[PDB]
Amino acid sequence: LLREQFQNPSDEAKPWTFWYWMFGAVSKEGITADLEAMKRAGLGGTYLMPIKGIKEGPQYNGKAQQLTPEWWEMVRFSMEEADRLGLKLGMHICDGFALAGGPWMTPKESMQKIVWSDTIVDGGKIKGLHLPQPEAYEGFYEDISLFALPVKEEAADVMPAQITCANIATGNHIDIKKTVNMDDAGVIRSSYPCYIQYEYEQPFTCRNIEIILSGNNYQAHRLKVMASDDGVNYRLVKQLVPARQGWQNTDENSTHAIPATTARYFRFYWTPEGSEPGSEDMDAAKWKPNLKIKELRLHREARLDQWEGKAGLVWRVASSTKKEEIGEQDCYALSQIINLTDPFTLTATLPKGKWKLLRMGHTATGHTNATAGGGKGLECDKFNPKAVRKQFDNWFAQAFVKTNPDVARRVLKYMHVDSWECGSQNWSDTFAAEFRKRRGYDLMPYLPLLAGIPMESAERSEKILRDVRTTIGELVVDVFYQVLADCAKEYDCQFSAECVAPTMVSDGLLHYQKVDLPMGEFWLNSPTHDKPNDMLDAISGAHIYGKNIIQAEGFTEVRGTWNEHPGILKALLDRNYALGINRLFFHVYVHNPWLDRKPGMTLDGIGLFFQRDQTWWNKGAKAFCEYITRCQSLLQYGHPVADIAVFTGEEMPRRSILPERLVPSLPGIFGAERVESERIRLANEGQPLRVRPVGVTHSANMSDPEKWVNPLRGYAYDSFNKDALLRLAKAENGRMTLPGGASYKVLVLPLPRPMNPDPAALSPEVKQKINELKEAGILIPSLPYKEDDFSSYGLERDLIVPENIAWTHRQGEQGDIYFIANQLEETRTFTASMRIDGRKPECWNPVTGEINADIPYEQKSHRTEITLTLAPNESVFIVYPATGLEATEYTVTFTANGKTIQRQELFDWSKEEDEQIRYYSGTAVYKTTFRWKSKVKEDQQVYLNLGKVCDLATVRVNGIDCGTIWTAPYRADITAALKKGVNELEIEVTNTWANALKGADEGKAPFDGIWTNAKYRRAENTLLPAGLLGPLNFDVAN
Ligand SMILES: C[C@H]1[C@H](O)[C@@H](O)[C@@H](O)c2nnnn21
Ligand SMILES: [Ca+2]
Ligand SMILES: [Ca+2]
Ligand SMILES: [Ca+2]
């Protein structure tokens, strides 16, 4: 019975929280208080992750520094308390929130990259020549190969040049100080159209431009390169193209190839016009459209376009290099290169002429788990099974040894890996052998490709580099993930994992096959830091690899301002349920070690502030968690339904596809109005800015996941990869099926897109599997698909609802479930039509738990239609089996500071003269009486409507609890509690911390004990409305 699960949910259905210990400031008192608070809210467990240590926050006097006996004692006490209370625990595989580092790791055991040095020497009899040492992270380096290259031309790779600049932005409403300029350090800055000019003594032949930045700068990659011989007639060379890039893009410079150009003068023209708005695969374009360049280096030696990325040193995608840029003349044949490893100071004999001595080897990338404290150190080598095992043994395994082994064996059931923040890597000591087994040929002779030196042809080079990247991503799965999965089963743990993309070269779906619990992430009020693409990686991964529980780190808030409460979290949560998550993890519960300070310790103001010292914790968090649990009991039932699978291609890196990127492929499915708004948005005219949250200025045409509810207008889709196609896909009854229950009718092979611009050719195997699926009846539409839907092919929309209604559909042996959620902040009445023929629908309310088994419905064209009224932000589940107030005076007690006042009229606290009410945050108890004339009749239902509630209210009538009201409709069923005559009305109203913190900031604190390390505040500088504002009314229905 689904009803037993909805009314009595199982433990799997409960939401969890991340629990962050800050700066080693931890106490047993606070531990007990936190774990009891979590139990009281109805949480299932917590992930215990310490962040930073004493050194990073000396002011807090921490005594529980990571890995000290005192810290381990606190971990033990937490396990003991979680055992007592019936909570489960997880921990991360390292200290801090990312990723797999620790002080036990040496440079040799860390993430490795290919490095090199060179010198030009005359050939002949070389004896005892000392070659320059390549990059050696903390002295660690190891040679791999030494190559001898014949010199192409004989001139310097770079020459000196006189650098000038000029503003050209005319249309004079301009701030003259923000026009182009070069500072003392040679750094170039501009906000306005301009050019930077380089004048050489003699004509210089340039084939590429290395752009060197100080942090990220989208606009630096948008320069238009021009050249001249005579200083006035300038010819176009190339409009540069930004590579796709994530947020961790500063480990390498960027090389832009150009057609070989010989000139005395080069100009780089810039304008902000034509900028793409920001996204997760052009992270730098989220920021202000200002130009900032540390150095442009113009080079002579041929290099592949955007080679740093193509070599796998950083996560990047760009087009193959054109033949106009790298012709066969520009590439070295294998027979031209002499391999001098064996001789290697160097003593050997080369032919005559001049030779380049490319000394190649490997060193650490230098990445650490930087948010750790006592457990901080180098990131483990991600391709080395032993280093990965070692990392497991030294942190996570130790929680079963250093605490209390029998208690740890019962409560510590979850091992987590968060989202990658340790860059990329492209070598390890097993990498040549792995490449050979997997790709079927030897990489070693082609090692100079990893320096972007072209060999044989531009195409052969880039085909090989793609293979390197493919191997890289395969090894993240087959080593790092495989090893941790084995370790997890060995310790009887479930394995949760977040995204690898867009920081480590990877197929972003691929690793989810190895984990029990794929985990996405969604942010609150943080468009610059939100990760909708991560969400779709985790969901798509779970769906294609058959993982039924999909966790999500939810409500992460880049700057929390203390005005947040469950009411304004609901719509955000509901649209992520619509995407397919079904176990929320709250981000974040911060341990507050002091019982006398509130709201206390935070992650330096990064929200959501989800913890015991919230004004609304005791009643608000519990009510919300009840909603969540009921929602999740049903959203974990059976299998998700999606009719459309979309192939993610054969470029590397790769990941799930965002809805926006499919609009030119399926313009019909999205509709003409979506096509039109995308063209306006992407044209990004004037590069408009928005500030959200306070102090975060960014591109206003950023794709906003709130504007992409139900984007395929009644269908759902998963991204789907080569591995799933080749290893798992089956045709059954006209649909493509996978183990775990995915069944798709349609397979979209998208048009070339930003993340797959070539696009990479389909391998013969893929072509062969696609053809088998065409023949077994699977729709593989011709693109662009221009019809409104797939009903011409007998595939109707699953749910027809109006815009701004989020939904999902699950199906199992006991029937069908549609989750339907209003995203607008208004009451709406609308028809929902479901693809269900001849079964009786019911309406199950996840806020109250009420089940209405007898709703009206029509049956038309073999669908079922229902009329729904949804209050602001209201959600429902559709399940298919297989008169004013006349009150006496109010007594209002403000419990935090004991004030009590009498009032006839309801009032906004923030408008009172008394500063202890004006600035009050917390709970106030309202007490009054009312007359009810008649006895409550049969079939008759009575609601106390609260009107406007700031922000949360618990209703007691004649001492009977009639519920905690936190979202619309703001009303309480008082039917069972009503008596004839005089009724007693008690209402507890709770607001948010914002007003009290504003009071405390200004010396007008409404009570003592107010402190937090969270410093961010709303820009508005206003007191929020607060209280039972009403008006109060009764509603008598049937
Ligand atoms: C706030 C932390 C958060 O706690 C972590 O999940 C980490 O993945 C991250 N990425 N950006 N910001 N964070
Ligand atoms: Ca994360
Ligand atoms: Ca493709
Ligand atoms: Ca794309």
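Along the sequence shown, the residues carry numbers beginning at 1. These numbers come from the heavy atoms of this one structure, side chains and all, not from hydrogens, waters or symmetry mates.
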Notebook entry, point to check: How many angstroms lie between atom CD of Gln814 and atom CG of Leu1, to the nearest 0.5 angstrom?
Noted result: 6.0 Å
Item checked: Donor-acceptor contact below 3.5 Å, side chain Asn771 vs main chain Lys767 -> yes
Checklist line | Side-chain ion pair, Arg810 and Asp816, N-O less than 4.0 Å | finding: no
Notebook entry, point to check: CG/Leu313 to CD1/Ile472 distance, rounded to the nearest 0.5 angstrom?
Noted result: 8.0 Å
Next item on the list: May I ask you to decide whether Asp534 forms a salt bridge with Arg655, counting only side-chain N to carboxylate O separations under 4.0 Å?
Entry: yes
Note to self: Between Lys745 and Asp643, does any side-chain N to carboxylate O distance fall below 4.0 Å?
What the structure shows: no
Margin query: Could you check whether any side-chain N or O of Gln811 sits under 3.5 Å from a backbone N or O of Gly638, counting only pairs where one atom can act as donor and the other as acceptor?
Written below: no
Next item on the list: Considering only NZ, NE, NH1 and NH2 on the basic side and carboxylate oxygens on the acidic side, decide whether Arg654 and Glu651 come within less than 4.0 Å.
Entry: no
Item checked: Stepwise ring pair (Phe, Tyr, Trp, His ring centres under 6.0 Å) test for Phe495 and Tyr414 -> CA-CA 6 Å; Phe495 187 1; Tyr414 296 78; over 10 Å; no
Check: Got a donor-acceptor contact below 3.5 angstrom from the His639 side chain to the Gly740 backbone?
Finding: yes
Check: What is the ring orientation for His416 with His92, classed by angle as parallel under 30°, tilted 30 to 60°, or perpendicular over 60°?
Finding: tilted
Next item on the list: Answer yes if the side chains of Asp537 and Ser656 hold a donor-acceptor pair under 3.5 Å, and no otherwise.
Entry: yes
Note to self: Between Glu490 and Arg389 (salt bridge meaning N to carboxylate O under 4.0 Å), is one present in this structure?
What the structure shows: yes
Margin query: If you compare all heavy atoms of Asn533 against all heavy atoms of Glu280, which two are closest, and at what distance to 0.1 Å?
Written below: N-OE2, 2.7 Å
Check: Among side-chain atoms of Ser792 and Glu787, is any donor-acceptor pair under 3.5 angstrom?
Finding: yes
Checklist line | Test side-chain hydrogen bond (donor to acceptor under 3.5 Å, both in side chains) applied to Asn710 - qualifying residues, sequence neighbours left out | finding: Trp807
Notebook entry, point to check: Should we say atom CG of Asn733 is surrounded by more than 12 heavy atoms from elsewhere, each under 6.0 Å from it?
Noted result: no
Check: Hey, are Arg583 and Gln551 close enough side-chain-wise for a donor-acceptor pair under 3.5 Å?
Finding: yes
Checklist line | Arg244/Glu276 salt bridge by N-O under 4.0 Å criterion | finding: yes
Checklist line | Shortest non-hydrogen contact from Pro757 toward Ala318 | finding: CG-C, 4.1 Å
Checklist line | Check: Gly90 main-chain N/O paired with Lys413 side-chain donor or acceptor under 3.5 Å | finding: no
Notebook entry, point to check: Does any non-hydrogen side-chain atom of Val477 lie less than 4.5 Å from one of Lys514?
Noted result: yes
Next item on the list: In plain terms, say whether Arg713 and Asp788 are close enough for a salt bridge, that is, a side-chain N and a carboxylate O under 4.0 Å apart.
Entry: yes
Notebook entry, point to check: Distance from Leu475 atom CG to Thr470 atom OG1, nearest 0.5 Å?
Noted result: 11.0 Å
Notebook entry, point to check: Among all residues two or more places apart in sequence or in another chain, which pass the side-chain hydrogen bond (donor to acceptor under 3.5 Å, both in side chains) test with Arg797?
Noted result: none
Note to self: Closer than 4.0 angstrom, basic N to acidic O: yes or no for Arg753 and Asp758?
What the structure shows: no
Item checked: Within-4.5 Å side-chain heavy-atom neighbours: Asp574 and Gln823 -> yes
Check: For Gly520 and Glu498, which heavy atoms make the closest approach, and how far apart are they?
Finding: O-OE2, 4.1 Å
Checklist line | Backbone of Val663 reached by a side-chain donor or acceptor of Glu678 within 3.5 Å | finding: no
Check: Between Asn721 (side chain) and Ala724 (backbone), is there a donor-acceptor pair under 3.5 Å?
Finding: yes
Next item on the list: Say whether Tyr744 and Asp718, considering side chains only, have a donor N or O and an acceptor N or O under 3.5 Å apart.
Entry: yes
Checklist line | N-O pairing of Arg439 and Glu434 below 4.0 Å | finding: no
Next item on the list: Answer yes or no on whether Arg674 is positioned over the face of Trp708, meaning its NZ or CZ is under 6.0 Å from the six-membered ring centre and within 45° of the axis.
Entry: yes
Check: What residues, two or more places apart in sequence or in another chain, satisfy side-chain hydrogen bond (donor to acceptor under 3.5 Å, both in side chains) together with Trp844?
Finding: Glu842
Check: Is there a donor-acceptor pair closer than 3.5 Å between any side-chain N or O of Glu462 and the backbone N or O of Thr321?
Finding: yes
Margin query: Tell me whether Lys774 contacts the main-chain N or O of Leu779 through its side chain, where contact means a donor paired with an acceptor under 3.5 Å.
Written below: no
Check: Any chance the side chains of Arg438 and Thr471 put a donor and an acceptor closer than 3.5 Å?
Finding: no
Check: Under 3.5 Å, is there a donor-acceptor pair linking the side chains of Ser428 and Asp381?
Finding: yes
Checklist line | Considering all heavy atoms, the nearest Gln425-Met504 contact | finding: N-SD, 3.8 Å
Next item on the list: For the pair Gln513 (side chain) and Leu510 (backbone), establish whether a donor and an acceptor sit closer than 3.5 Å, ignoring hydrogens and angles.
Entry: yes
Item checked: Side-chain donor-acceptor pair present, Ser633, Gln636, cut-off under 3.5 Å -> no
Item checked: Spacing of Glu732 atom CD and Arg735 atom CZ [to the nearest 0.5 Å] -> 11.0 Å
Checklist line | Salt bridge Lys531-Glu521, side-chain N to carboxylate O under 4.0 Å | finding: yes
Check: Within the side chain of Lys769, is there an N or O that forms a donor-acceptor pair under 3.5 Å with the backbone of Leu725?
Finding: yes
Checklist line | Close aromatic pair by centroid cut-off 6.0 Å: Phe383 and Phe480 | finding: no
Note to self: For a quick check under 3.5 Å, do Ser703 and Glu660 share a side-chain donor-acceptor pair by atom type?
What the structure shows: yes
Item checked: Point-to-point distance, once rounded to the nearest 0.5 Å, from CZ of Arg316 to OG of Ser424 -> 10.5 Å
Item checked: Side-chain H-bond candidate by donor/acceptor type, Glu459 with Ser457, under 3.5 Å -> no
Check: Please walk me through it: do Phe877 and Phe819 pass ring pair (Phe, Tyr, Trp, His ring centres under 6.0 Å)?
Finding: CA-CA 5 Å; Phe877 284 90; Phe819 171 71; 5.0 Å; yes
Note to self: Is there a side-chain contact between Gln306 and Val241 in this structure, where contact means two heavy atoms from C-beta onward sitting under 4.5 Å apart?
What the structure shows: no
Next item on the list: Specify the closest pair of heavy atoms between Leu304 and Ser461, including all atoms of both residues, with the distance to one decimal.
Entry: CD1-CB, 3.6 Å
Margin query: Pairing donors with acceptors under 3.5 angstrom, does anything connect the side chains of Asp486 and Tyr481?
Written below: no
Checklist line | Minimum-distance pair of heavy atoms, taken over all atoms of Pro781 and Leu747 | finding: CD-O, 3.4 Å
Check: Knowing that exactly one of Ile669, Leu666, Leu712 qualifies, which makes a side-chain contact (heavy atoms from CB on, under 4.5 Å) with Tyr717?
Finding: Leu712
Margin query: Could you measure the distance from the CD1 atom of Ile581 to the SG atom of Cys631? Nearest 0.5 Å is fine.
Written below: 10.0 Å
